[PDB]
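Undergrad: The opening position of the sequence shown corresponds to residue 27 in our numbering, with each subsequent residue numbered one higher. Cβ atoms here follow ideal geometry from the backbone N, Cα and C, with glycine treated the same way. For reference, the structure I am asking about is given below.
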Amino acid sequence: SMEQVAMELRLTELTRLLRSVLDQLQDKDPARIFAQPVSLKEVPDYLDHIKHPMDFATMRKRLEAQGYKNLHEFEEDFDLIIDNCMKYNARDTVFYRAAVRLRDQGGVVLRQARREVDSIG
């Protein structure tokens, strides 16, 4: 149907905008601390601590399959990156501190993303 095509075009355009958002957020992680999944070979107890691991590569795979239906879903995954790190790692660590800085800098990007999503529909 044409209605299904139009819905698919909207999903495509949202995907484009989320890819730009994802790039901008990942730039706020210049140390690449959040670039890849925590390795269960290197941190074998991780899943006893963190029930829903997340990282930028994992988000990028979901995005490229058009797996985010709305901005809320995308934000959920970004917040997992930050919140998982702030639980597993202590306050005095470079990991925790990177997460705080990513959260604070990313908030700015996400504030304008939300306006764009709503504005363009």
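Applying the 10 Å Cβ sphere with the 16-neighbour rule, what's the burial state of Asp-103?
TA: It counts as buried.
Undergrad: Give the secondary structure of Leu-66 by DSSP, where H, G and I count as helix, E and B as strand, and everything else as coil.
TA: Note: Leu-66 maps to coil in three-state DSSP.
Undergrad: Whose CA, out of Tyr-122, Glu-68 and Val-135, lies closest to the CA of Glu-101?
TA: Comparing Cα positions, the closest option is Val-135.
Undergrad: Return helix, strand or coil for residue 187, following the three-state DSSP convention.
TA: Any answer about residue 187 is impossible in this case: the structure gives the chain only from 27 up to 147.
Undergrad: Under a three-way DSSP split, which group does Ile-59 fall into?
TA: If DSSP states are grouped into helix, strand and coil, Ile-59 belongs with coil.
Undergrad: At the level of alpha carbons, what is the spacing between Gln-52 and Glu-142?
TA: Answer to the nearest angstrom: the Cα atoms are 19 Å apart.
Undergrad: For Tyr-94, which three-state DSSP category applies?
TA: In the structure shown, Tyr-94 sits in coil (DSSP, three-state: anything other than H, G, I, E or B).
Undergrad: Rounded to the nearest angstrom, how far is the Cβ of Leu-35 from that of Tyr-94, given a contact under 8 Å?
TA: Actually they do not touch by this definition, with Cβ atoms about 15 Å apart.
Undergrad: What first and last residue would you give for the alpha helix (DSSP H) that runs through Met-28?
TA: Counting along the chain, the alpha helix (DSSP H) containing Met-28 begins and ends at 28 to 53.
Undergrad: So, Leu-97 versus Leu-48, is the Cβ gap smaller than 9 Å?
TA: No, these two residues do not count as a Cβ contact at 9 Å.
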